[PDB]
file entry22.tsv (TSV, N, CA and C atoms (P, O5', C5', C4', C3', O3' and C1' of nucleotides))
chain	number	residue	atom	x	y	z
S	1	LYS	N	0.83	-1.20	0.00
S	1	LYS	CA	0.00	0.00	0.00
S	1	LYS	C	0.86	1.26	0.00
S	2	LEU	N	2.18	1.06	0.07
S	2	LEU	CA	3.16	2.14	0.04
S	2	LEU	C	2.92	3.14	1.18
S	3	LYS	N	3.03	2.63	2.40
S	3	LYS	CA	2.89	3.48	3.58
S	3	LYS	C	4.17	4.28	3.80
S	4	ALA	N	4.00	5.49	4.32
S	4	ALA	CA	5.14	6.35	4.61
S	4	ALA	C	5.97	5.77	5.75
S	5	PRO	N	7.29	5.95	5.71
S	5	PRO	CA	8.14	5.44	6.79
S	5	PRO	C	7.92	6.21	8.08
S	6	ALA	N	8.40	5.61	9.18
S	6	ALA	CA	8.22	6.22	10.49
S	6	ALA	C	8.93	7.57	10.59
S	7	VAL	N	10.14	7.66	10.05
S	7	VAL	CA	10.93	8.89	10.09
S	7	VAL	C	11.17	9.33	8.65
S	8	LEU	N	10.74	10.54	8.32
S	8	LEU	CA	10.92	11.09	6.99
S	8	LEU	C	10.86	12.61	7.08
S	9	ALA	N	11.91	13.28	6.62
S	9	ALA	CA	12.01	14.72	6.75
S	9	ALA	C	12.76	15.29	5.56
S	10	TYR	N	12.56	16.59	5.33
S	10	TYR	CA	13.20	17.30	4.23
S	10	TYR	C	13.85	18.57	4.77
S	11	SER	N	14.92	19.00	4.10
S	11	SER	CA	15.65	20.19	4.51
S	11	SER	C	14.99	21.43	3.92
S	12	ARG	N	15.62	22.59	4.16
S	12	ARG	CA	15.10	23.87	3.71
S	12	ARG	C	15.86	24.32	2.47
S	13	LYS	N	15.13	24.56	1.38
S	13	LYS	CA	15.74	24.90	0.10
S	13	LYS	C	15.79	26.40	-0.18
S	14	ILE	N	15.24	27.23	0.69
S	14	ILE	CA	15.30	28.69	0.55
S	14	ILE	C	15.84	29.24	1.86
S	15	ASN	N	17.00	29.88	1.81
S	15	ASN	CA	17.69	30.35	3.01
S	15	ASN	C	17.80	31.87	2.98
S	16	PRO	N	16.93	32.59	3.69
S	16	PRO	CA	17.12	34.03	3.87
S	16	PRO	C	17.96	34.31	5.11
S	17	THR	N	18.46	35.54	5.18
S	17	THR	CA	19.26	36.01	6.30
S	17	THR	C	18.45	37.01	7.12
S	18	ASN	N	19.06	37.49	8.20
S	18	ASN	CA	18.43	38.51	9.03
S	18	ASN	C	18.59	39.87	8.38
S	19	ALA	N	17.48	40.53	8.08
S	19	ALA	CA	17.50	41.82	7.41
S	19	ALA	C	18.07	42.89	8.34
S	20	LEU	N	18.69	43.90	7.74
S	20	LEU	CA	19.25	45.02	8.49
S	20	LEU	C	18.64	46.33	8.02
S	21	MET	N	18.40	47.22	8.98
S	21	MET	CA	17.73	48.50	8.75
S	21	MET	C	18.73	49.64	8.87
S	22	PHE	N	18.63	50.60	7.96
S	22	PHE	CA	19.47	51.79	7.94
S	22	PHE	C	18.62	53.00	7.57
S	23	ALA	N	19.11	54.18	7.92
S	23	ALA	CA	18.42	55.43	7.62
S	23	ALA	C	19.25	56.23	6.62
S	24	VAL	N	18.66	56.52	5.46
S	24	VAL	CA	19.31	57.26	4.39
S	24	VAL	C	18.32	58.27	3.82
S	25	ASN	N	18.81	59.11	2.92
S	25	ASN	CA	17.97	60.05	2.18
S	25	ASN	C	17.57	59.46	0.84
S	26	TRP	N	16.54	60.06	0.24
S	26	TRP	CA	16.03	59.57	-1.04
S	26	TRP	C	16.95	59.94	-2.20
S	27	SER	N	17.86	60.89	-2.00
S	27	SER	CA	18.77	61.33	-3.05
S	27	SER	C	20.24	61.17	-2.69
S	28	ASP	N	20.54	60.72	-1.47
S	28	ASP	CA	21.91	60.54	-1.00
S	28	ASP	C	22.06	59.18	-0.32
S	29	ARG	N	21.57	58.14	-0.99
S	29	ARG	CA	21.52	56.79	-0.44
S	29	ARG	C	22.88	56.10	-0.41
S	30	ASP	N	23.97	56.82	-0.69
S	30	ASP	CA	25.30	56.22	-0.69
S	30	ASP	C	25.78	55.92	0.73
S	31	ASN	N	25.56	56.84	1.66
S	31	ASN	CA	26.01	56.67	3.03
S	31	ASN	C	24.84	56.26	3.92
S	32	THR	N	25.06	55.24	4.75
S	32	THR	CA	24.02	54.69	5.60
S	32	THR	C	24.42	54.82	7.07
V	1	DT	P	17.55	66.46	55.50
V	1	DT	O5'	17.16	66.12	53.99
V	1	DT	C5'	16.10	66.82	53.35
V	1	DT	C4'	15.95	66.39	51.90
V	1	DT	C3'	15.95	64.87	51.67
V	1	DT	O3'	14.96	64.53	50.72
V	1	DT	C1'	17.63	65.88	50.37
V	2	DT	P	13.99	63.27	50.97
V	2	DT	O5'	12.71	63.91	51.68
V	2	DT	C5'	11.99	64.95	51.03
V	2	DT	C4'	10.51	64.87	51.36
V	2	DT	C3'	9.83	63.58	50.95
V	2	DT	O3'	8.69	63.35	51.76
V	2	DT	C1'	9.04	65.34	49.59
V	3	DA	P	8.56	62.01	52.63
V	3	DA	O5'	6.99	61.86	52.88
V	3	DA	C5'	6.14	61.50	51.81
V	3	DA	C4'	4.91	62.39	51.76
V	3	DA	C3'	3.84	61.94	50.78
V	3	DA	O3'	2.94	61.06	51.44
V	3	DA	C1'	4.32	64.25	50.45
V	4	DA	P	2.99	59.48	51.15
V	4	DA	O5'	1.83	59.24	50.09
V	4	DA	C5'	0.51	59.71	50.36
V	4	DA	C4'	-0.28	59.88	49.08
V	4	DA	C3'	-0.38	58.63	48.22
V	4	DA	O3'	-1.68	58.53	47.66
V	4	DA	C1'	0.63	60.38	46.98
V	5	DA	P	-2.43	57.11	47.62
V	5	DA	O5'	-3.21	57.12	46.22
V	5	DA	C5'	-2.60	57.72	45.08
V	5	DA	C4'	-2.40	56.70	43.98
V	5	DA	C3'	-1.64	55.45	44.39
V	5	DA	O3'	-2.06	54.34	43.61
V	5	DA	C1'	-0.34	56.71	42.86
V	6	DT	P	-2.59	53.01	44.34
V	6	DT	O5'	-2.59	51.90	43.18
V	6	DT	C5'	-3.48	52.02	42.08
V	6	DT	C4'	-2.72	51.99	40.77
V	6	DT	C3'	-1.80	50.80	40.58
V	6	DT	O3'	-2.44	49.81	39.78
V	6	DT	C1'	-0.84	52.87	39.78
V	7	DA	P	-1.94	48.28	39.84
V	7	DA	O5'	-0.72	48.23	38.81
V	7	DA	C5'	-0.94	48.47	37.42
V	7	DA	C4'	0.30	48.17	36.61
V	7	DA	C3'	0.95	46.81	36.89
V	7	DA	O3'	1.36	46.21	35.68
V	7	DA	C1'	2.53	48.53	37.23
V	8	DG	P	1.08	44.65	35.41
V	8	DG	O5'	-0.49	44.58	35.13
V	8	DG	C5'	-1.06	45.37	34.10
V	8	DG	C4'	-2.27	44.69	33.50
V	8	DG	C3'	-2.00	43.32	32.88
V	8	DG	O3'	-2.37	42.27	33.80
V	8	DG	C1'	-2.82	44.79	31.22
V	9	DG	P	-3.90	41.80	34.00
V	9	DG	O5'	-4.19	40.84	32.75
V	9	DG	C5'	-5.39	40.08	32.71
V	9	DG	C4'	-6.25	40.48	31.53
V	9	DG	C3'	-6.23	39.51	30.37
V	9	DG	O3'	-7.17	38.47	30.58
V	9	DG	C1'	-5.99	41.74	29.57
V	10	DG	P	-6.70	36.94	30.63
V	10	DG	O5'	-6.72	36.48	29.10
V	10	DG	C5'	-7.95	36.49	28.38
V	10	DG	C4'	-7.69	36.37	26.89
V	10	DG	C3'	-6.76	35.24	26.49
V	10	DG	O3'	-7.52	34.05	26.32
V	10	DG	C1'	-6.25	37.26	25.29
V	11	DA	P	-7.01	32.66	26.95
V	11	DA	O5'	-6.21	31.96	25.76
V	11	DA	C5'	-6.89	31.65	24.55
V	11	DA	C4'	-5.91	31.59	23.39
V	11	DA	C3'	-4.71	30.68	23.60
V	11	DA	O3'	-5.05	29.35	23.24
V	11	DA	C1'	-4.06	32.76	22.59
V	12	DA	P	-4.83	28.14	24.28
V	12	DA	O5'	-4.20	26.97	23.39
V	12	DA	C5'	-3.25	27.28	22.37
V	12	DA	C4'	-1.95	26.53	22.59
V	12	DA	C3'	-1.39	26.64	23.99
V	12	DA	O3'	-0.32	25.71	24.15
V	12	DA	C1'	-0.24	28.10	22.56
V	13	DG	P	-0.59	24.18	24.55
V	13	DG	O5'	0.72	23.43	24.04
V	13	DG	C5'	1.09	23.52	22.66
V	13	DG	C4'	2.59	23.76	22.52
V	13	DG	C3'	3.47	22.88	23.40
V	13	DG	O3'	4.60	22.43	22.66
V	13	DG	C1'	3.93	25.15	23.84
V	14	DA	P	5.18	20.95	22.89
V	14	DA	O5'	4.97	20.23	21.47
V	14	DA	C5'	3.66	20.11	20.93
V	14	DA	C4'	3.67	19.22	19.71
V	14	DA	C3'	4.46	17.93	19.87
V	14	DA	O3'	3.60	16.90	20.33
V	14	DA	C1'	5.13	19.05	17.88
V	15	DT	P	4.20	15.57	21.01
V	15	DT	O5'	4.56	14.63	19.77
V	15	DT	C5'	3.54	14.25	18.85
V	15	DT	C4'	4.15	13.77	17.55
V	15	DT	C3'	5.21	12.71	17.70
V	15	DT	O3'	4.61	11.42	17.69
V	15	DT	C1'	5.89	14.40	16.13
V	16	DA	P	5.21	10.23	18.59
V	16	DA	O5'	6.19	9.46	17.60
V	16	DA	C5'	5.69	8.91	16.39
V	16	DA	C4'	6.81	8.66	15.40
V	16	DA	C3'	7.97	7.86	15.96
V	16	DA	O3'	7.71	6.47	15.82
V	16	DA	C1'	8.77	9.75	14.73
V	17	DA	P	8.09	5.45	17.00
V	17	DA	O5'	9.61	5.05	16.68
V	17	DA	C5'	9.93	4.39	15.46
V	17	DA	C4'	11.43	4.34	15.25
V	17	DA	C3'	12.23	3.90	16.46
V	17	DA	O3'	12.31	2.48	16.50
V	17	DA	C1'	13.20	5.86	15.52
V	18	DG	P	11.91	1.68	17.84
V	18	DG	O5'	13.30	1.48	18.60
V	18	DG	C5'	14.30	0.65	18.03
V	18	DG	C4'	15.69	1.21	18.32
V	18	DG	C3'	16.10	1.18	19.78
V	18	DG	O3'	16.66	-0.09	20.09
V	18	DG	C1'	16.72	3.25	18.74
V	19	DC	P	16.53	-0.70	21.57
V	19	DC	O5'	17.68	0.05	22.40
V	19	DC	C5'	19.02	-0.02	21.95
V	19	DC	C4'	19.97	0.54	23.00
V	19	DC	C3'	19.83	-0.08	24.39
V	19	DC	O3'	21.12	-0.41	24.90
V	19	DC	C1'	19.74	2.26	24.53
V	20	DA	P	21.33	-1.74	25.77
V	20	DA	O5'	22.33	-2.63	24.89
V	20	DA	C5'	21.91	-3.13	23.63
V	20	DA	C4'	22.95	-4.06	23.05
V	20	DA	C3'	23.67	-4.92	24.08
V	20	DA	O3'	22.98	-6.14	24.25
V	20	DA	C1'	25.26	-3.82	22.69
V	21	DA	P	23.23	-7.03	25.56
V	21	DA	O5'	24.46	-7.96	25.16
V	21	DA	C5'	24.38	-8.80	24.02
V	21	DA	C4'	25.76	-9.19	23.53
V	21	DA	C3'	26.64	-9.83	24.58
V	21	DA	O3'	26.39	-11.23	24.64
V	21	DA	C1'	27.86	-8.17	23.38
V	22	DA	P	26.50	-12.01	26.03
V	22	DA	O5'	28.08	-12.21	26.24
V	22	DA	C5'	28.83	-12.97	25.30
V	22	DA	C4'	30.31	-12.90	25.62
V	22	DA	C3'	30.66	-13.14	27.07
V	22	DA	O3'	30.78	-14.54	27.32
V	22	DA	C1'	31.90	-11.29	26.18
V	23	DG	P	30.40	-15.15	28.75
V	23	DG	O5'	31.73	-14.93	29.62
V	23	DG	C5'	32.94	-15.55	29.23
V	23	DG	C4'	34.10	-15.03	30.06
V	23	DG	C3'	33.82	-14.91	31.54
V	23	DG	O3'	34.05	-16.16	32.18
V	23	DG	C1'	34.96	-12.97	30.74
V	24	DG	P	32.95	-16.77	33.19
V	24	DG	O5'	33.57	-16.50	34.64
V	24	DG	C5'	34.84	-17.05	34.98
V	24	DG	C4'	35.66	-16.06	35.77
V	24	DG	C3'	35.09	-15.69	37.13
V	24	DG	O3'	35.51	-16.64	38.10
V	24	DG	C1'	35.85	-13.74	35.97
V	25	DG	P	34.47	-17.22	39.18
V	25	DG	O5'	34.42	-16.09	40.31
V	25	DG	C5'	35.61	-15.72	40.99
V	25	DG	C4'	35.32	-14.65	42.04
V	25	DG	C3'	34.32	-15.07	43.12
V	25	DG	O3'	34.78	-14.62	44.40
V	25	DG	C1'	33.56	-13.11	42.04
V	26	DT	P	34.59	-15.54	45.70
V	26	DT	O5'	36.02	-16.20	45.93
V	26	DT	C5'	36.50	-17.18	45.02
V	26	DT	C4'	37.76	-17.85	45.55
V	26	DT	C3'	37.69	-18.29	47.02
V	26	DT	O3'	38.02	-19.67	47.13
V	26	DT	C1'	39.69	-17.15	46.58
V	27	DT	P	37.20	-20.63	48.11
V	27	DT	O5'	38.31	-21.59	48.74
V	27	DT	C5'	38.79	-21.35	50.05
V	27	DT	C4'	40.29	-21.10	50.05
V	27	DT	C3'	40.94	-21.14	51.42
V	27	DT	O3'	41.27	-22.49	51.75
V	27	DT	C1'	41.76	-19.29	50.14
V	28	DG	P	40.47	-23.25	52.92
V	28	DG	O5'	41.33	-22.94	54.23
V	28	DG	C5'	42.64	-23.47	54.37
V	28	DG	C4'	43.40	-22.74	55.47
V	28	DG	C3'	42.62	-22.56	56.76
V	28	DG	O3'	42.80	-23.70	57.59
V	28	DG	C1'	43.73	-20.53	56.13
V	29	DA	P	41.56	-24.31	58.42
V	29	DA	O5'	41.65	-23.56	59.83
V	29	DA	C5'	42.81	-23.71	60.64
V	29	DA	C4'	42.87	-22.63	61.70
V	29	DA	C3'	41.58	-22.43	62.46
V	29	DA	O3'	41.52	-23.32	63.57
V	29	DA	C1'	42.53	-20.32	61.83
V	30	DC	P	40.26	-24.30	63.76
V	30	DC	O5'	39.88	-24.13	65.30
V	30	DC	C5'	38.53	-23.90	65.68
V	30	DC	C4'	38.40	-22.59	66.44
V	30	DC	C3'	36.99	-22.06	66.55
V	30	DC	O3'	36.33	-22.65	67.66
V	30	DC	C1'	38.52	-20.30	66.00
V	31	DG	P	34.80	-23.12	67.52
V	31	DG	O5'	34.83	-24.66	67.94
V	31	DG	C5'	35.52	-25.06	69.12
V	31	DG	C4'	34.74	-26.12	69.88
V	31	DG	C3'	35.39	-26.61	71.17
V	31	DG	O3'	34.41	-26.75	72.18
V	31	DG	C1'	34.94	-28.44	69.76
V	32	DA	P	34.74	-26.33	73.70
V	32	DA	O5'	33.74	-27.22	74.56
V	32	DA	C5'	32.34	-27.13	74.33
V	32	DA	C4'	31.66	-28.47	74.59
V	32	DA	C3'	31.97	-29.09	75.96
V	32	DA	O3'	30.79	-29.67	76.50
V	32	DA	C1'	32.61	-30.59	74.25
V	33	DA	P	30.74	-30.11	78.04
V	33	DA	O5'	30.97	-31.69	77.99
V	33	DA	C5'	30.08	-32.51	77.25
V	33	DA	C4'	30.58	-33.94	77.20
V	33	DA	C3'	31.15	-34.47	78.52
V	33	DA	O3'	30.67	-35.79	78.76
V	33	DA	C1'	32.72	-34.77	76.79
V	34	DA	P	30.70	-36.39	80.25
V	34	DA	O5'	32.26	-36.52	80.58
V	34	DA	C5'	32.87	-37.79	80.78
V	34	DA	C4'	33.01	-38.55	79.47
V	34	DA	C3'	34.01	-39.69	79.50
V	34	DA	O3'	33.41	-40.85	80.04
V	34	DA	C1'	34.27	-38.41	77.51
V	35	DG	P	34.19	-41.72	81.15
V	35	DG	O5'	35.05	-42.75	80.28
V	35	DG	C5'	34.39	-43.72	79.47
V	35	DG	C4'	35.35	-44.35	78.48
V	35	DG	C3'	36.69	-44.76	79.05
V	35	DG	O3'	36.58	-46.03	79.68
V	35	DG	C1'	36.99	-43.67	76.97
V	36	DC	P	37.52	-46.39	80.94
V	36	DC	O5'	38.98	-46.55	80.30
V	36	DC	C5'	39.24	-47.61	79.40
V	36	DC	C4'	40.54	-47.38	78.65
V	36	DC	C3'	41.78	-47.26	79.51
V	36	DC	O3'	42.26	-48.55	79.86
V	36	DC	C1'	41.80	-45.63	77.77
V	37	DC	P	43.14	-48.74	81.20
V	37	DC	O5'	44.55	-48.08	80.83
V	37	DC	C5'	45.36	-48.66	79.81
V	37	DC	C4'	46.51	-47.74	79.44
V	37	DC	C3'	47.36	-47.27	80.60
V	37	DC	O3'	48.32	-48.26	80.94
V	37	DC	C1'	46.92	-45.47	79.11
V	38	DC	P	48.96	-48.30	82.42
V	38	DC	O5'	49.98	-47.08	82.43
V	38	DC	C5'	51.11	-47.09	81.55
V	38	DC	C4'	51.77	-45.72	81.51
V	38	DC	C3'	52.14	-45.14	82.86
V	38	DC	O3'	53.39	-45.67	83.29
V	38	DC	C1'	51.16	-43.47	81.46
V	39	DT	P	53.73	-45.72	84.86
V	39	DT	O5'	54.09	-44.21	85.23
V	39	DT	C5'	55.19	-43.57	84.60
V	39	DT	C4'	55.17	-42.07	84.85
V	39	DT	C3'	55.05	-41.66	86.30
V	39	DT	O3'	56.32	-41.69	86.92
V	39	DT	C1'	53.61	-40.34	84.94
V	40	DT	P	56.45	-41.98	88.50
V	40	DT	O5'	56.00	-40.61	89.18
V	40	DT	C5'	56.74	-39.42	88.93
V	40	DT	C4'	55.97	-38.20	89.38
V	40	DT	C3'	55.48	-38.24	90.82
V	40	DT	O3'	56.52	-37.82	91.69
V	40	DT	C1'	53.76	-37.43	89.38
V	41	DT	P	56.58	-38.40	93.19
V	41	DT	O5'	55.43	-37.59	93.96
V	41	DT	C5'	55.51	-36.18	94.06
V	41	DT	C4'	54.19	-35.60	94.54
V	41	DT	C3'	53.61	-36.26	95.77
V	41	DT	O3'	54.20	-35.72	96.95
V	41	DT	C1'	51.91	-35.89	94.14
V	42	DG	P	54.42	-36.66	98.23
V	42	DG	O5'	52.96	-36.82	98.85
V	42	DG	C5'	52.27	-35.68	99.36
V	42	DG	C4'	50.82	-36.00	99.63
V	42	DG	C3'	50.56	-37.29	100.38
V	42	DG	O3'	50.71	-37.09	101.78
V	42	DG	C1'	49.07	-37.12	98.54
V	43	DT	P	51.02	-38.33	102.75
V	43	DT	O5'	49.59	-39.03	102.94
V	43	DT	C5'	48.53	-38.32	103.56
V	43	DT	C4'	47.22	-39.08	103.45
V	43	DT	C3'	47.29	-40.53	103.88
V	43	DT	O3'	47.15	-40.63	105.29
V	43	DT	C1'	46.08	-40.33	101.84
V	44	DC	P	47.93	-41.79	106.09
V	44	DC	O5'	47.09	-43.11	105.78
V	44	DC	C5'	45.75	-43.23	106.25
V	44	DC	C4'	45.07	-44.46	105.67
V	44	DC	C3'	45.88	-45.74	105.77
V	44	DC	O3'	45.71	-46.33	107.05
V	44	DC	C1'	44.92	-45.54	103.60
V	45	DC	P	46.83	-47.31	107.65
V	45	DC	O5'	46.56	-48.70	106.90
V	45	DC	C5'	45.33	-49.38	107.08
V	45	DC	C4'	45.17	-50.51	106.08
V	45	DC	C3'	46.30	-51.52	106.07
V	45	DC	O3'	46.09	-52.50	107.08
V	45	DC	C1'	45.75	-50.90	103.84
V	46	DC	P	47.35	-53.19	107.81
V	46	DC	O5'	47.91	-54.21	106.71
V	46	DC	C5'	47.10	-55.28	106.25
V	46	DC	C4'	47.73	-55.96	105.05
V	46	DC	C3'	49.15	-56.45	105.26
V	46	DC	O3'	49.14	-57.75	105.83
V	46	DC	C1'	48.99	-55.26	103.20

call {"tool": "encode", "arguments": {"input": "entry22.tsv", "output": "structure tokens"}}
result
Amino acid sequence: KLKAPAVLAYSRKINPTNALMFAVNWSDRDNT
DNA sequence: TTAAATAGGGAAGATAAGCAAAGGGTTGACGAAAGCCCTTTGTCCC
């Protein structure tokens, strides 16, 4: 009947990082 | 070197699988109540 095994797991295929926030101007975004 | 006046309510804490086998565990010493025989000492008889 093709029953699922007792232990079966999958890893994570999309890895984001922790975002960082900075304050800049709309016309001088070079320095943060 | 101050008097008072209070300090949040609600929800919720995951599941599955398994815990090993083999080998050995020491020795010696801790008796009373008589039987017989011999020796010695002492008493008594012949």

call {"tool": "interface_residues", "arguments": {"input": "entry22.tsv", "of": "chain V", "to": "chain S", "cutoff": "10 Å", "atoms": "only C-alpha atoms (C1' of nucleotides)", "output": "JSON, numbers by chain"}}
result
{"V": [15, 16, 17]}

call {"tool": "write_last_selection", "arguments": {"input": "entry22.tsv", "atoms": "N, CA and C atoms (P, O5', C5', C4', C3', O3' and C1' of nucleotides)", "output": "CSV table (one decimal), keeping the file's coordinate frame"}}
result
chain,number,residue,atom,x,y,z
V,15,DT,P,4.2,15.6,21.0
V,15,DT,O5',4.6,14.6,19.8
V,15,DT,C5',3.5,14.2,18.8
V,15,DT,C4',4.2,13.8,17.6
V,15,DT,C3',5.2,12.7,17.7
V,15,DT,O3',4.6,11.4,17.7
V,15,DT,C1',5.9,14.4,16.1
V,16,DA,P,5.2,10.2,18.6
V,16,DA,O5',6.2,9.5,17.6
V,16,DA,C5',5.7,8.9,16.4
V,16,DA,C4',6.8,8.7,15.4
V,16,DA,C3',8.0,7.9,16.0
V,16,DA,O3',7.7,6.5,15.8
V,16,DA,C1',8.8,9.8,14.7
V,17,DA,P,8.1,5.4,17.0
V,17,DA,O5',9.6,5.0,16.7
V,17,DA,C5',9.9,4.4,15.5
V,17,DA,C4',11.4,4.3,15.2
V,17,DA,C3',12.2,3.9,16.5
V,17,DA,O3',12.3,2.5,16.5
V,17,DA,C1',13.2,5.9,15.5

call {"tool": "atom_distance", "arguments": {"input": "entry22.tsv", "atom1": "atom N of residue 28 (chain S)", "atom2": "atom C of residue 15 (chain S)"}}
result
29.3 Å

call {"tool": "axis_aligned_box", "arguments": {"input": "entry22.tsv", "around": "region 3-6 of chain S", "padding_each_side": "6 Å", "output": "JSON"}}
result
{"center_x": 5.9, "center_y": 5.1, "center_z": 6.5, "size_x": 18.0, "size_y": 16.9, "size_z": 20.2}

call {"tool": "atom_distance", "arguments": {"input": "entry22.tsv", "atom1": "atom N of residue 18 (chain S)", "atom2": "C4' of residue 14 (chain V)"}}
result
26.5 Å

call {"tool": "decode", "arguments": {"input": "entry22.tsv", "residues": "region 9-23 of chain S", "atoms": "N, CA, C and O atoms", "output": "PDB file, in the first residue's frame"}}
result
ATOM      1  N   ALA S   9      11.914  13.275   6.620  1.00  0.00           N
ATOM      2  CA  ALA S   9      12.007  14.721   6.747  1.00  0.00           C
ATOM      3  C   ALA S   9      12.760  15.289   5.555  1.00  0.00           C
ATOM      4  O   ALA S   9      13.497  14.583   4.864  1.00  0.00           O
ATOM      5  N   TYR S  10      12.563  16.586   5.327  1.00  0.00           N
ATOM      6  CA  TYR S  10      13.199  17.302   4.233  1.00  0.00           C
ATOM      7  C   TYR S  10      13.847  18.572   4.767  1.00  0.00           C
ATOM      8  O   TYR S  10      13.394  19.150   5.759  1.00  0.00           O
ATOM      9  N   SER S  11      14.915  18.998   4.102  1.00  0.00           N
ATOM     10  CA  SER S  11      15.647  20.186   4.506  1.00  0.00           C
ATOM     11  C   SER S  11      14.994  21.435   3.917  1.00  0.00           C
ATOM     12  O   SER S  11      13.956  21.376   3.256  1.00  0.00           O
ATOM     13  N   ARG S  12      15.615  22.585   4.162  1.00  0.00           N
ATOM     14  CA  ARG S  12      15.095  23.865   3.705  1.00  0.00           C
ATOM     15  C   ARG S  12      15.859  24.321   2.468  1.00  0.00           C
ATOM     16  O   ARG S  12      17.086  24.456   2.503  1.00  0.00           O
ATOM     17  N   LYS S  13      15.130  24.560   1.377  1.00  0.00           N
ATOM     18  CA  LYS S  13      15.738  24.903   0.100  1.00  0.00           C
ATOM     19  C   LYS S  13      15.795  26.399  -0.178  1.00  0.00           C
ATOM     20  O   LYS S  13      16.352  26.795  -1.208  1.00  0.00           O
ATOM     21  N   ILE S  14      15.237  27.234   0.692  1.00  0.00           N
ATOM     22  CA  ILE S  14      15.297  28.686   0.552  1.00  0.00           C
ATOM     23  C   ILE S  14      15.839  29.238   1.862  1.00  0.00           C
ATOM     24  O   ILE S  14      15.200  29.096   2.912  1.00  0.00           O
ATOM     25  N   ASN S  15      17.004  29.875   1.806  1.00  0.00           N
ATOM     26  CA  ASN S  15      17.687  30.355   3.007  1.00  0.00           C
ATOM     27  C   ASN S  15      17.796  31.871   2.983  1.00  0.00           C
ATOM     28  O   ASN S  15      18.662  32.422   2.280  1.00  0.00           O
ATOM     29  N   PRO S  16      16.932  32.588   3.690  1.00  0.00           N
ATOM     30  CA  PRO S  16      17.122  34.027   3.872  1.00  0.00           C
ATOM     31  C   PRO S  16      17.963  34.313   5.111  1.00  0.00           C
ATOM     32  O   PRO S  16      18.166  33.457   5.972  1.00  0.00           O
ATOM     33  N   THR S  17      18.455  35.543   5.180  1.00  0.00           N
ATOM     34  CA  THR S  17      19.256  36.012   6.301  1.00  0.00           C
ATOM     35  C   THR S  17      18.452  37.014   7.124  1.00  0.00           C
ATOM     36  O   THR S  17      17.308  37.348   6.801  1.00  0.00           O
ATOM     37  N   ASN S  18      19.062  37.492   8.203  1.00  0.00           N
ATOM     38  CA  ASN S  18      18.428  38.508   9.034  1.00  0.00           C
ATOM     39  C   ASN S  18      18.595  39.874   8.383  1.00  0.00           C
ATOM     40  O   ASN S  18      19.721  40.329   8.158  1.00  0.00           O
ATOM     41  N   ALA S  19      17.476  40.526   8.079  1.00  0.00           N
ATOM     42  CA  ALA S  19      17.503  41.819   7.413  1.00  0.00           C
ATOM     43  C   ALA S  19      18.072  42.887   8.336  1.00  0.00           C
ATOM     44  O   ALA S  19      17.959  42.793   9.561  1.00  0.00           O
ATOM     45  N   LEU S  20      18.691  43.903   7.742  1.00  0.00           N
ATOM     46  CA  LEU S  20      19.248  45.016   8.493  1.00  0.00           C
ATOM     47  C   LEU S  20      18.642  46.331   8.019  1.00  0.00           C
ATOM     48  O   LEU S  20      18.405  46.532   6.822  1.00  0.00           O
ATOM     49  N   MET S  21      18.401  47.223   8.979  1.00  0.00           N
ATOM     50  CA  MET S  21      17.730  48.497   8.752  1.00  0.00           C
ATOM     51  C   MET S  21      18.728  49.640   8.872  1.00  0.00           C
ATOM     52  O   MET S  21      19.562  49.651   9.783  1.00  0.00           O
ATOM     53  N   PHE S  22      18.629  50.601   7.957  1.00  0.00           N
ATOM     54  CA  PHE S  22      19.471  51.789   7.940  1.00  0.00           C
ATOM     55  C   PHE S  22      18.622  52.997   7.569  1.00  0.00           C
ATOM     56  O   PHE S  22      17.549  52.871   6.976  1.00  0.00           O
ATOM     57  N   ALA S  23      19.114  54.183   7.918  1.00  0.00           N
ATOM     58  CA  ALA S  23      18.423  55.434   7.619  1.00  0.00           C
ATOM     59  C   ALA S  23      19.249  56.226   6.618  1.00  0.00           C
ATOM     60  O   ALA S  23      20.403  56.570   6.897  1.00  0.00           O
TER      61      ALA S  23
END
